[PDB]
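Q: The structure is given below, and queries will be raised subsequently.
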Amino acid sequence: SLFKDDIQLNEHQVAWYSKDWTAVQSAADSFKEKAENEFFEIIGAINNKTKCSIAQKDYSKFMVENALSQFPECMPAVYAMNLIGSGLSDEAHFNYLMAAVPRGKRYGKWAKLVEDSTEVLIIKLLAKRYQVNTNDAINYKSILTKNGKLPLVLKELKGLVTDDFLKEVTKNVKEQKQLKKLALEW
Amino acid sequence: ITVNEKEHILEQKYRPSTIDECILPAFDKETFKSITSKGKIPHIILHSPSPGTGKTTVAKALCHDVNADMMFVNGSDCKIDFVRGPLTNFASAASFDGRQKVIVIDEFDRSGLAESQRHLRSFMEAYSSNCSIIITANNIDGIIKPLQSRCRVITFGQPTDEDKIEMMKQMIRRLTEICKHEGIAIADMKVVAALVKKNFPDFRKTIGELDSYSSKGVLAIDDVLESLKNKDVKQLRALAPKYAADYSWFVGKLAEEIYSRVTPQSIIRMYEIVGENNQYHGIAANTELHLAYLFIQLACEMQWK
Amino acid sequence: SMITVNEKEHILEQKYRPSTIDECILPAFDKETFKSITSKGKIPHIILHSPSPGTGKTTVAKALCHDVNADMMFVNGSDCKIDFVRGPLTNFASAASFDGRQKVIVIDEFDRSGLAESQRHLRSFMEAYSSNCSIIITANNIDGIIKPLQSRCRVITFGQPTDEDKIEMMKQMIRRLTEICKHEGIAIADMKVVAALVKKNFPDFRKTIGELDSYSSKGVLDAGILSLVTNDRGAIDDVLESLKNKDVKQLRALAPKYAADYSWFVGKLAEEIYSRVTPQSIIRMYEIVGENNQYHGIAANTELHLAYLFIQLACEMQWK
Amino acid sequence: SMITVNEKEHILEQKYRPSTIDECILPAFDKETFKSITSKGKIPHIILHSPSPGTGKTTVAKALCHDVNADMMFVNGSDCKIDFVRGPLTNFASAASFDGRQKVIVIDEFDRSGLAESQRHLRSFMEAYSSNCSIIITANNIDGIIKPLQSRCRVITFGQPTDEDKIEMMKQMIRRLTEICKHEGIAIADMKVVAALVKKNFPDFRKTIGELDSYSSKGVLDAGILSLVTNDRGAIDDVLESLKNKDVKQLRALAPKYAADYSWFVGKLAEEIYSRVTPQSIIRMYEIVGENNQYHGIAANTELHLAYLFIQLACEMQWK
Amino acid sequence: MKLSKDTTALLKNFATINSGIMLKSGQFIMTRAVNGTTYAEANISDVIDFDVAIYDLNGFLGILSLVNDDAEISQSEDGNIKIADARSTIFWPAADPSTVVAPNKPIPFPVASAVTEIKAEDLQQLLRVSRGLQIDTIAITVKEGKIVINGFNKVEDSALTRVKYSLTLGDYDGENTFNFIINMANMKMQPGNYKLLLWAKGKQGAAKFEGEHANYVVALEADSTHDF
DNA sequence: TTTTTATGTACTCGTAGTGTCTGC
DNA sequence: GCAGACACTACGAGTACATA
Ligand SMILES: Nc1ncnc2c1ncn2[C@@H]1O[C@H](COP(=O)(O)OP(=O)(O)O)[C@@H](O)[C@H]1O
Ligand SMILES: [Mg+2]
Ligand SMILES: [Mg+2]
Ligand SMILES: [Mg+2]
């Protein structure tokens, strides 16, 4: 930083004028800001019995169908659109639901399961090792934990935790915490 | 008796080596020996449907007894591009040893597998000299017809009153010798013959039962069932996507375990409710949701304590 | 013989796959319509579809090319994605057949859903290359071939012979089997067993041969083997008895037994209950079984969908 | 004669593809609307869409360019990806047609989903080059053409003739077929068979010709070939009689007879019961057969599923 | 037949026009761009002793670079192409002359309209600069009775206005006004001096480059203007 | 007060890593 | 001879589509 009179140019001017596109890249990347998904405006239109505002937009038969699945009162008409959904106008599918799901309201939270992803690991690593599927892999964990303590099985198998396998189990640094955890208390 | 001495799970290290060691009924053992007789194997489908009968075992065996160069693959893992890349890399390849190449696909009656199965129609024909395929199934109809045509379909189980007694005799004598090898002790000889009678058709279970008293060395549908009793949704709605994988199996284990846990007139309904849900599966767009609609339907009408 | 043997293979329903178009067992008009082509000496675009497997499609595809001396390229349908057409198939078709032979691309088993886009690229291709080169398609299910492709092709439909053809074609197969026996060293003690094999699984000539393989376990077909082939069960007594008694533990147990051929078992059930139940319970049993039959093959677990039939019956069926 | 023969090809629905716009068989207003264009001497942008295949789209695209003496570039839609437009199509369009000819780019079968982005790049292109050059598009399904492209084009919609045009157009095809026969050496013994071919698959004039190819196996169309085209293999009298009499032993027996082509038999049944039964029993027979038809092909045992139809009918159907 | 580094040279050039080529028995080769933007023709040393269609022209020119100059090209008994090098033999395909885009006959130019020339050296200076200067469109017009070429960048000024480059080609003798516009994309010809014959009739027109070795004829573009 | 199912296929964009052709 | 520069390849990310 010489010359000491430079009318500080913004992040972008520096980049572009000098022409280093990786600076240009961090700069552009700055606007990444990605969400959208007005899906609930369509969904809430079907609950609260309001004006459509559609076919102009991008409709997910699955988003809607699934969002409505949250509420037992809708199921009869969500189900109907299941067996019959394929081959309905993206629009027809919206016209039905509107003429089907009677009351309206919903607050957000969708149902997801509990994953002890310690436990998800142990099961996928039995499933891989023995080329058996998940339900059997289960029986496996039990008769090992029950008898043979399966530290040994965990001991012999740890060898392949291959970090790509990890890409299948969970999505983040919690993954890198497992990388260590199975490599540990056997 | 065979032992695989690097393995840690009973049922996996005592798996019968030969088409002999296996306990089977009459036309079953004959028909298997008659096959290995010809020294080259045709295409074959094997199915129980009553599990733990030896399906997956008899496959690895028929291969062994032919000195087959055998590639074992789980069905769940047999995706479209698995077939394209390895399984083709396999059956395209000639062998030095000049054996028959054989591909066992264990439990191919799963779901996404559907489009794979169609790839094979013209594959099983295109290398029909080199190699052949052995397929395992709990439910046949889950194997598309044009495969059933290419394959010889043998169907297990259902032994005679005679086969029964002899097989039970064999299984007991078999368990013993395993206890000898493992260093487990037999305190009584009625406990052994209990085990064999108890779960009879299922020999895998009966070896799995034994791997559970063995801490000492001597002689999961609960989550859904509990949520159905409690008649809640947030939990049921959450469990649906879990079993969306094999729907065909889950529906079975459900009809099995609810039948005991619910009232008599509620038994007649659970069949109407699950029976219908089963019919329309595969028409149903979202399998996960169509499974939810079953859970709700049950929690309401199913009544018991 | 008059018969083709491939001799490079052991699997026997494939050792005997017909070399020429004369060897194939075909409905009257279908043979005639192929001999006609093999004459004109050039092949049109053709679609050959079953939907019952092993009726001769993939054989006749290879046959026709032989009887015309085609210069032929055989392709797995499912391997036939769009960039395949673009590169290899297009190179082939643009290539001058220099010895003056019809070029023919056989696309076997093209009815996958995923191949739609490839089939679309194909619609303008078959027109551009139509002088040099033609396409023969095999499919089990037509609806998996986009309409614009069925327009462009002669669509010949296998396995729906007339009442007359069935009888003739069967007679032809009994002879064809007999000649295979001579060749393989199987000896026929009773001919009734060769006829029963052909009738038993008719439309499908493949499992019809591989059934001959597996009933030759002992190297002779005697009137004893005839028992097993024609066998079935007829022993539906266990289920009929459990239905009278209206219990479950037993019915629930029998379901996985008949899960194997559901199509047969449903027949033997309609047959034997029709006599053993009351007249207005007859009208219901058809409704009950008729429905259960319809939705089979949609049903996930065949075993369970069979149980649901048993319960349904035990309740409503009332008879002595 | 008045007809075009390509003579470089054998496939016959392509040997006879029309050279000029007059040769094409078109609805009244559609012909007039093309002759109009061929007059102005310059071609606008045009979309020609079926969705029933073989109505003449891809023929008229080629036709129009001929009747105007266009300088034409033909392209497979599915080969028409974005960088194609950028390089060759753009070079062509920027090129001065030096002998003073309309430049026209024919993009055949452009309705693939994948080509959306290419069609978008195209929307500003068709505007920049509109003085020199124009685009003719063919598609089976319009909705695969982005709206902004349908704005820019004259969208002509094939194969929806009026009740009046259908009759006239068919009459025109019967003549056109006859003249093909004269040319190919096929002799017509019964004309009813030429008419029946035209009616049978109407909207589509391609399979209409290639159906004439494959029913000419024997080199004559006689009243025998007529049987196959119209095909009624029928005597349904045995079933109709058993349904009147409301018995089973007989119906139960006839089921396995028609298990062969179910699709045909269901037709011949709806046809002949419609006349023989009461008006409010007509509304039911459709509900009964229509449902039985839907679930066929899900149904495990076809023979049984056919029985279930017979019982269902005998009960609810009524007449003298 | 045998092909010389001279002719293998003139072909790598016709590869930048059509990916394929039609060559019929003789001393003469022509090709034309699939979209008709460019037509090339030439007379050659090596003598062409059978007809054939080549789908891949640039990849077979790639495979003939691997044999000796003495290598003997013959139709294969099996009708494809046999290249016999001394110690070796190579086999290359033939397509039918339907899938390669041949012109019919060797399109003769009309009586020209105006004529100039260009030196080899000055062709270099154009092509080579266009890249740097982004000159994608050029125009032959008259300036001071002396014909100049003009480079432009068509994306920057769609109007051909700020002329980024110019090369004076010689004196203009006759009297007419013209702006002929050529797409840099069509300039596919190899280097060296060319007699330049251009012709125009209304919405008609074309530019022939007459070389020493081969002839080149290039389409003009549609905003081209003139009175002739 | 919300929020993403499975399996296969296709087109386009961007960049980085590989090649060959060229210039002291 | 290398190093520099140009061109062509491939993989990863994004996007969209259809059938179950
Ligand atoms: N017929 C049999 N004889 C002996 N052991 C058996 C038999 N069937 C199953 N088992 C036991 O089951 C284990 C594997 O069973 P498996 O073949 O996978 O059953 P399924 O194929 O029904 O899953 C073997 O280790 C074996 O000891
Ligand atoms: Mg198993
Ligand atoms: Mg086949
Ligand atoms: Mg077309």
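By order of appearance in the structure tokens: chains A, B, ..., then residues from 1 within every chain, and ligands from 1 in the order shown.
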Since chain C and chain D share a sequence, can you fit the second onto the first over all C-alpha atoms in order and output it as a short mmCIF file (atom, residue, chain, number, x, y, z; two decimals) with C-alpha atoms, in the first residue's frame?
A:
data_model
loop_
_atom_site.label_atom_id
_atom_site.label_comp_id
_atom_site.auth_asym_id
_atom_site.auth_seq_id
_atom_site.Cartn_x
_atom_site.Cartn_y
_atom_site.Cartn_z
CA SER D 1 -31.27 -82.50 -39.47
CA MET D 2 -33.78 -79.74 -40.30
CA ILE D 3 -32.71 -77.97 -37.08
CA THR D 4 -29.87 -75.48 -36.55
CA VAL D 5 -27.29 -76.08 -33.83
CA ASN D 6 -24.80 -73.38 -32.92
CA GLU D 7 -22.47 -75.83 -31.21
CA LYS D 8 -20.36 -72.93 -29.99
CA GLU D 9 -22.69 -72.76 -27.03
CA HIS D 10 -24.08 -74.66 -24.13
CA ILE D 11 -26.99 -72.66 -23.00
CA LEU D 12 -29.45 -74.56 -25.12
CA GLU D 13 -32.19 -72.05 -25.70
CA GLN D 14 -29.41 -70.35 -27.53
CA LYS D 15 -27.86 -73.44 -29.02
CA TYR D 16 -31.05 -73.98 -31.00
CA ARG D 17 -31.83 -70.46 -32.27
CA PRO D 18 -33.24 -70.71 -35.87
CA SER D 19 -30.95 -70.00 -38.79
CA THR D 20 -33.47 -69.14 -41.49
CA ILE D 21 -36.89 -67.65 -41.68
CA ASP D 22 -38.48 -71.01 -42.36
CA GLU D 23 -37.26 -72.46 -39.10
CA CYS D 24 -39.02 -69.82 -37.00
CA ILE D 25 -42.37 -70.66 -35.51
CA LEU D 26 -44.64 -67.82 -36.64
CA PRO D 27 -48.32 -66.97 -37.12
CA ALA D 28 -49.63 -67.72 -40.58
CA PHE D 29 -49.64 -64.17 -41.99
CA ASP D 30 -46.41 -63.17 -40.26
CA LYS D 31 -44.36 -65.94 -41.88
CA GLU D 32 -45.96 -65.18 -45.23
CA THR D 33 -45.16 -61.51 -44.78
CA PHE D 34 -41.46 -62.29 -44.16
CA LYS D 35 -41.07 -64.85 -46.99
CA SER D 36 -42.50 -62.12 -49.16
CA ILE D 37 -39.71 -59.79 -48.10
CA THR D 38 -36.93 -62.34 -48.41
CA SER D 39 -38.16 -62.62 -52.00
CA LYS D 40 -38.12 -58.98 -53.07
CA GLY D 41 -34.48 -59.43 -52.02
CA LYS D 42 -34.34 -56.05 -50.40
CA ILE D 43 -35.38 -55.27 -46.82
CA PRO D 44 -37.64 -52.31 -45.87
CA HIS D 45 -37.37 -50.71 -42.43
CA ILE D 46 -38.93 -53.02 -39.87
CA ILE D 47 -40.01 -52.88 -36.24
CA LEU D 48 -40.57 -56.20 -34.45
CA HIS D 49 -42.11 -55.90 -31.00
CA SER D 50 -43.27 -58.48 -28.41
CA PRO D 51 -44.06 -57.21 -25.54
CA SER D 52 -43.96 -60.76 -24.07
CA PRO D 53 -40.28 -61.71 -24.34
CA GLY D 54 -38.93 -64.54 -26.44
CA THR D 55 -41.46 -64.69 -29.26
CA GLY D 56 -38.74 -64.64 -31.94
CA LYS D 57 -38.14 -60.96 -32.68
CA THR D 58 -34.39 -60.84 -32.23
CA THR D 59 -34.21 -64.21 -34.05
CA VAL D 60 -36.20 -63.08 -37.04
CA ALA D 61 -34.17 -59.92 -37.26
CA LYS D 62 -31.08 -62.08 -37.68
CA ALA D 63 -32.99 -64.51 -39.80
CA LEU D 64 -34.20 -62.03 -42.44
CA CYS D 65 -30.69 -60.76 -43.00
CA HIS D 66 -29.52 -64.32 -43.53
CA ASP D 67 -32.25 -65.25 -46.05
CA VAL D 68 -31.43 -62.11 -48.10
CA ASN D 69 -27.64 -62.41 -47.68
CA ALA D 70 -27.60 -59.01 -46.03
CA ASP D 71 -24.42 -57.26 -45.02
CA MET D 72 -25.45 -56.81 -41.47
CA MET D 73 -24.43 -54.84 -38.42
CA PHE D 74 -25.98 -55.91 -35.08
CA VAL D 75 -26.16 -53.38 -32.22
CA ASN D 76 -27.30 -53.33 -28.60
CA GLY D 77 -30.10 -50.83 -28.46
CA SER D 78 -28.85 -49.46 -25.13
CA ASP D 79 -25.41 -48.89 -26.63
CA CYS D 80 -26.95 -47.02 -29.54
CA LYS D 81 -26.63 -43.46 -28.25
CA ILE D 82 -26.59 -40.52 -30.58
CA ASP D 83 -22.92 -40.21 -31.29
CA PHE D 84 -22.90 -43.85 -32.14
CA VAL D 85 -25.33 -43.17 -34.92
CA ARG D 86 -23.29 -40.22 -36.01
CA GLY D 87 -19.98 -42.06 -36.32
CA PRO D 88 -20.13 -45.80 -36.90
CA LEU D 89 -23.72 -46.27 -38.10
CA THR D 90 -23.36 -43.41 -40.48
CA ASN D 91 -20.00 -44.64 -41.82
CA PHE D 92 -21.53 -48.05 -42.39
CA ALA D 93 -24.58 -46.75 -44.18
CA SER D 94 -22.61 -44.32 -46.40
CA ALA D 95 -20.18 -47.18 -47.24
CA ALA D 96 -20.83 -48.75 -50.65
CA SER D 97 -21.64 -52.36 -50.05
CA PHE D 98 -19.30 -53.40 -52.75
CA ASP D 99 -20.39 -57.02 -53.39
CA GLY D 100 -23.86 -55.64 -53.99
CA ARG D 101 -25.52 -56.59 -50.75
CA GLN D 102 -28.40 -55.04 -48.90
CA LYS D 103 -26.91 -53.24 -45.89
CA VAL D 104 -29.04 -53.77 -42.81
CA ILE D 105 -28.55 -52.34 -39.34
CA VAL D 106 -30.25 -54.40 -36.62
CA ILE D 107 -30.84 -52.33 -33.51
CA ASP D 108 -31.85 -54.81 -30.84
CA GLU D 109 -33.91 -53.80 -27.80
CA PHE D 110 -34.24 -50.12 -28.77
CA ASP D 111 -37.15 -49.32 -26.46
CA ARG D 112 -35.29 -47.56 -23.64
CA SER D 113 -36.57 -44.16 -22.68
CA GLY D 114 -33.07 -42.74 -22.72
CA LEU D 115 -32.63 -43.41 -26.39
CA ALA D 116 -35.34 -40.99 -27.46
CA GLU D 117 -32.90 -38.36 -28.73
CA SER D 118 -30.95 -40.95 -30.64
CA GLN D 119 -34.17 -42.14 -32.27
CA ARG D 120 -34.90 -38.55 -33.25
CA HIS D 121 -31.61 -38.02 -34.97
CA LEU D 122 -32.44 -41.24 -36.71
CA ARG D 123 -35.62 -40.01 -38.33
CA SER D 124 -33.88 -37.98 -41.00
CA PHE D 125 -31.11 -40.54 -41.30
CA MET D 126 -33.35 -43.43 -42.34
CA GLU D 127 -34.57 -41.19 -45.15
CA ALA D 128 -31.18 -40.09 -46.40
CA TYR D 129 -29.75 -43.61 -46.54
CA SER D 130 -32.92 -45.45 -47.63
CA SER D 131 -31.50 -46.54 -51.00
CA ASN D 132 -28.41 -48.29 -49.65
CA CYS D 133 -29.42 -49.35 -46.19
CA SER D 134 -32.37 -50.26 -43.92
CA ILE D 135 -33.01 -50.66 -40.20
CA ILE D 136 -34.59 -53.51 -38.25
CA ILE D 137 -35.69 -52.65 -34.75
CA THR D 138 -36.57 -54.99 -31.89
CA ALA D 139 -38.43 -53.78 -28.85
CA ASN D 140 -40.37 -55.21 -25.99
CA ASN D 141 -42.56 -52.17 -25.55
CA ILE D 142 -43.47 -50.13 -28.62
CA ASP D 143 -44.38 -46.88 -26.97
CA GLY D 144 -40.62 -46.54 -26.42
CA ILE D 145 -40.28 -45.98 -30.16
CA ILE D 146 -41.07 -42.40 -31.13
CA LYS D 147 -44.04 -42.20 -33.48
CA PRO D 148 -42.08 -40.73 -36.40
CA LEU D 149 -40.07 -43.97 -36.35
CA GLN D 150 -43.12 -46.21 -36.51
CA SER D 151 -44.23 -44.23 -39.56
CA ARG D 152 -41.01 -45.05 -41.35
CA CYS D 153 -41.15 -48.77 -40.52
CA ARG D 154 -43.31 -51.81 -41.23
CA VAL D 155 -44.47 -52.59 -37.73
CA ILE D 156 -44.94 -56.32 -37.20
CA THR D 157 -46.42 -57.30 -33.90
CA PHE D 158 -45.42 -60.65 -32.41
CA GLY D 159 -47.11 -62.95 -29.96
CA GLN D 160 -50.70 -62.13 -30.58
CA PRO D 161 -51.66 -65.22 -32.49
CA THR D 162 -55.27 -65.94 -33.28
CA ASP D 163 -57.07 -68.73 -31.43
CA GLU D 164 -56.26 -70.87 -34.50
CA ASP D 165 -52.62 -69.95 -34.73
CA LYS D 166 -51.99 -70.54 -31.04
CA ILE D 167 -53.12 -74.12 -31.41
CA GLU D 168 -51.09 -74.67 -34.55
CA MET D 169 -47.96 -72.93 -33.29
CA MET D 170 -48.02 -74.95 -30.09
CA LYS D 171 -48.30 -78.15 -32.11
CA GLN D 172 -45.27 -76.99 -34.06
CA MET D 173 -43.31 -76.41 -30.86
CA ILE D 174 -44.11 -79.80 -29.37
CA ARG D 175 -42.54 -81.30 -32.48
CA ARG D 176 -39.63 -78.88 -32.32
CA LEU D 177 -38.99 -79.75 -28.70
CA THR D 178 -39.16 -83.48 -29.42
CA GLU D 179 -36.45 -83.10 -32.06
CA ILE D 180 -34.29 -81.16 -29.56
CA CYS D 181 -34.67 -84.02 -27.14
CA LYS D 182 -33.56 -86.49 -29.77
CA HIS D 183 -30.49 -84.27 -30.32
CA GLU D 184 -29.53 -83.61 -26.70
CA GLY D 185 -30.04 -87.19 -25.50
CA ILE D 186 -33.06 -86.45 -23.37
CA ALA D 187 -35.59 -89.29 -23.58
CA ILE D 188 -39.35 -88.72 -23.39
CA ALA D 189 -41.32 -91.30 -21.40
CA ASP D 190 -44.58 -89.38 -21.33
CA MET D 191 -45.39 -86.91 -24.10
CA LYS D 192 -47.95 -85.12 -21.91
CA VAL D 193 -44.98 -83.45 -20.25
CA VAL D 194 -43.73 -81.96 -23.55
CA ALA D 195 -47.14 -80.61 -24.30
CA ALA D 196 -47.54 -79.18 -20.82
CA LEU D 197 -44.26 -77.32 -21.09
CA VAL D 198 -45.36 -75.63 -24.30
CA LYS D 199 -48.80 -74.65 -22.95
CA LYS D 200 -47.50 -73.53 -19.57
CA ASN D 201 -45.42 -70.62 -20.78
CA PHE D 202 -46.77 -70.18 -24.25
CA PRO D 203 -46.26 -66.82 -25.74
CA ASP D 204 -42.53 -67.08 -24.86
CA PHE D 205 -40.58 -69.77 -26.71
CA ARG D 206 -37.31 -69.01 -24.92
CA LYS D 207 -38.24 -69.83 -21.33
CA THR D 208 -40.15 -72.64 -22.97
CA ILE D 209 -36.83 -74.21 -23.97
CA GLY D 210 -34.93 -73.32 -20.80
CA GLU D 211 -37.78 -74.90 -18.86
CA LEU D 212 -37.08 -78.08 -20.77
CA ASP D 213 -33.45 -77.68 -19.74
CA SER D 214 -34.19 -77.52 -16.06
CA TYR D 215 -36.83 -80.26 -16.00
CA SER D 216 -34.36 -82.60 -17.69
CA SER D 217 -32.29 -82.76 -14.42
CA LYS D 218 -32.60 -86.55 -14.45
CA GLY D 219 -32.31 -87.13 -18.25
CA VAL D 220 -35.85 -88.37 -18.72
CA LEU D 221 -39.24 -86.70 -18.68
CA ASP D 222 -41.52 -89.17 -16.92
CA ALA D 223 -45.04 -88.74 -15.58
CA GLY D 224 -43.32 -87.72 -12.35
CA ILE D 225 -41.68 -84.68 -13.87
CA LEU D 226 -45.12 -83.96 -15.30
CA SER D 227 -46.30 -83.46 -11.69
CA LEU D 228 -43.82 -80.63 -11.10
CA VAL D 229 -44.45 -78.83 -14.40
CA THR D 230 -48.23 -78.76 -14.12
CA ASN D 231 -47.55 -78.54 -10.53
CA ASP D 232 -50.43 -79.53 -8.48
CA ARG D 233 -49.06 -80.57 -5.12
CA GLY D 234 -52.78 -80.84 -4.26
CA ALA D 235 -55.19 -82.57 -1.98
CA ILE D 236 -57.41 -79.62 -1.09
CA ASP D 237 -60.07 -82.00 0.12
CA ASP D 238 -59.37 -81.27 3.82
CA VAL D 239 -60.11 -77.55 3.43
CA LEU D 240 -63.06 -78.01 1.06
CA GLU D 241 -64.62 -80.40 3.54
CA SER D 242 -64.11 -78.02 6.47
CA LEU D 243 -65.61 -75.13 4.49
CA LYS D 244 -68.76 -77.14 3.71
CA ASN D 245 -69.12 -77.98 7.39
CA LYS D 246 -68.63 -74.30 8.28
CA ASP D 247 -66.36 -75.03 11.27
CA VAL D 248 -63.34 -73.18 12.46
CA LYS D 249 -61.28 -75.25 14.87
CA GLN D 250 -60.45 -77.28 11.76
CA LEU D 251 -60.04 -74.37 9.33
CA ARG D 252 -58.11 -72.35 11.89
CA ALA D 253 -55.78 -75.36 12.02
CA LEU D 254 -55.36 -75.80 8.27
CA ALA D 255 -54.26 -72.18 7.74
CA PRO D 256 -50.62 -72.63 8.88
CA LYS D 257 -50.42 -75.68 6.56
CA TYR D 258 -50.87 -73.72 3.31
CA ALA D 259 -49.12 -70.59 4.52
CA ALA D 260 -46.16 -71.95 2.55
CA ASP D 261 -47.04 -71.27 -1.07
CA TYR D 262 -50.02 -69.03 -0.79
CA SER D 263 -49.93 -68.18 -4.50
CA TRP D 264 -50.43 -71.76 -5.50
CA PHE D 265 -53.02 -72.63 -2.87
CA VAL D 266 -55.24 -69.71 -3.78
CA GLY D 267 -55.21 -71.03 -7.34
CA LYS D 268 -56.12 -74.60 -6.42
CA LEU D 269 -58.89 -73.14 -4.29
CA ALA D 270 -60.50 -70.93 -6.93
CA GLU D 271 -60.20 -73.88 -9.29
CA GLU D 272 -62.00 -76.45 -7.17
CA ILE D 273 -64.64 -74.26 -5.46
CA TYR D 274 -65.80 -72.88 -8.81
CA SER D 275 -67.38 -76.29 -9.59
CA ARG D 276 -68.51 -77.11 -6.06
CA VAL D 277 -70.55 -73.95 -5.31
CA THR D 278 -73.71 -72.14 -6.50
CA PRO D 279 -73.60 -69.64 -9.45
CA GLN D 280 -74.19 -66.44 -7.45
CA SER D 281 -71.78 -67.80 -4.80
CA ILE D 282 -69.23 -68.00 -7.61
CA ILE D 283 -69.35 -64.25 -8.17
CA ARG D 284 -68.68 -63.83 -4.41
CA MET D 285 -65.86 -66.32 -4.04
CA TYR D 286 -63.91 -64.30 -6.54
CA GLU D 287 -64.60 -61.10 -4.69
CA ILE D 288 -63.52 -62.84 -1.47
CA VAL D 289 -60.39 -64.63 -2.73
CA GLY D 290 -59.51 -61.97 -5.25
CA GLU D 291 -59.32 -59.40 -2.48
CA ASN D 292 -57.43 -61.72 -0.16
CA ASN D 293 -54.97 -62.26 -2.99
CA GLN D 294 -54.44 -58.52 -3.65
CA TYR D 295 -53.41 -57.65 -0.15
CA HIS D 296 -51.22 -60.68 0.45
CA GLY D 297 -47.69 -59.44 0.83
CA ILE D 298 -48.94 -56.43 2.57
CA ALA D 299 -50.32 -58.81 5.17
CA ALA D 300 -48.02 -59.15 8.20
CA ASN D 301 -48.88 -62.69 9.30
CA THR D 302 -49.51 -64.79 6.20
CA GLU D 303 -50.90 -67.64 8.24
CA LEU D 304 -53.54 -65.40 9.82
CA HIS D 305 -54.39 -63.61 6.63
CA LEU D 306 -55.10 -67.06 5.28
CA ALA D 307 -57.40 -67.84 8.21
CA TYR D 308 -59.33 -64.66 7.48
CA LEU D 309 -59.97 -66.02 4.02
CA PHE D 310 -61.32 -69.30 5.36
CA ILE D 311 -63.83 -67.64 7.71
CA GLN D 312 -64.93 -65.20 5.02
CA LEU D 313 -65.63 -68.15 2.73
CA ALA D 314 -67.40 -70.50 5.15
CA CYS D 315 -69.96 -67.76 5.93
CA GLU D 316 -70.91 -66.47 2.46
CA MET D 317 -70.18 -69.55 0.34
CA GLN D 318 -73.08 -71.96 -0.13
CA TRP D 319 -73.70 -75.38 -1.68
CA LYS D 320 -74.75 -78.99 -0.92
#
Q: Please return as a ChimeraX atom specification the residues found within 7 Å of ligand 1, counting only C-alpha atoms (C1' of nucleotides) and all ligand atoms.
A: /B:10-16,21-24,48,51-58,171,202-204,207
Q: Just how far from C1' of residue 7 (chain G) is CA of residue 156 (chain E), in Å to one decimal?
A: 24.8 Å
Q: Would you list which chain F residues are within 10 Å of chain C using only C-alpha atoms (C1' of nucleotides), as a ChimeraX atom specification?
A: /F:7-10
Q: Save the residues we just selected, C-alpha atoms (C1' of nucleotides), as an mmCIF file, in the first residue's frame?
A:
data_model
loop_
_atom_site.group_PDB
_atom_site.id
_atom_site.type_symbol
_atom_site.label_atom_id
_atom_site.label_comp_id
_atom_site.auth_asym_id
_atom_site.auth_seq_id
_atom_site.Cartn_x
_atom_site.Cartn_y
_atom_site.Cartn_z
ATOM 1 C "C1'" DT F 7 -33.622 -44.029 -10.295
ATOM 2 C "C1'" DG F 8 -32.012 -43.006 -14.722
ATOM 3 C "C1'" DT F 9 -30.815 -39.681 -18.533
ATOM 4 C "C1'" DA F 10 -29.666 -35.424 -20.967
#
Q: Taking 6 positions as the minimum chain separation for residues in the same chain, which residues sit within 10 Å of residue 4 (chain F) when counting only C-alpha atoms (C1' of nucleotides)? Answer as a count of residues only.
A: 4
Q: What residues in chain F have any atom no more than 10 Å from chain A when counting only C-alpha atoms (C1' of nucleotides), and can you write them as a PyMOL selection string?
A: chain F and resi 1-5
Q: Any idea what the distance is between CA of residue 172 (chain E) and CA of residue 125 (chain E)?
A: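 The value is 21.7 Å.
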Q: As a ChimeraX atom specification, which residues of region 28-65 of chain D does DSSP assign to strand (DSSP E or B)?
A: /D:46-49
Q: Excluding same-chain residues fewer than 5 positions from residue 114 (chain B), what lies within 12 Å of it counting only C-alpha atoms (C1' of nucleotides), as a VMD selection string?
A: (chain B and resid 75 to 76 78 to 80 108 to 109 119 to 121 141 to 145 147 282) or (chain C and resid 112 to 114) or (chain F and resid 6 to 8) or (chain G and resid 19 to 20)
